[PDB]
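The chain below stands alone, shown as structure tokens; this is the form deposited in one PDB entry.
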């Protein structure tokens, strides 16, 4: 089944700058996220349908995760990607979609909506810890992109 969760977030960074840096995640994320070592494009040009392989370390063991770029909408400052392979998918987990959408917020920052869509195998529900871990991951990646902008203001 599909189980959807939405979380409202904030940033001091304006939405145009965050959105630009969200599209730069393949170079930003290995720099800032210690465990993420590299991102390689398997198929595609970076747009919707693109498949990416990420190489990770988790206590000194190299592991791989596979992403699919789902959809990109400047119109709603939106960037959506799915985890389609790797450690985050237990056998009753088929896919996890992470959507980020941004709007202008008070005082020159941004209001974020983070959506987690947890796709399960038929009748199963998401495990409570797996949902927690999935949320933390989506939030961590957002904060990486944001972190990078705050640290490198002249780049966005």
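Whichever C-alpha set is largest while still superposing within 1.5 Å between the two forms counts as the rigid core. Residue numbers count along the first chain shown, from 1.
As for the form deposited with a small molecule bound, it is not shown, yet the points below apply to it.
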(message) For the three residues 2, 119 and 122, which mark the spot I'm curious about, does each lie within 4.5 Å of the small molecule in the entry with it bound through at least one heavy atom?
(response) no
(message) Can you tell me whether residue 14 touches the small molecule? I mean in the entry with it bound, with a 4.5 angstroms heavy atom cut-off.
(response) no
(message) Check residue 33 for me: does it contact the small molecule in the entry with it bound (non-hydrogen atoms, 4.5 angstroms)?
(response) yes
(message) Superposing the core, which one of 124, 114, 88, 39 shows a C-alpha shift reaching 2 Å or more between this form and the one not shown?
(response) 88
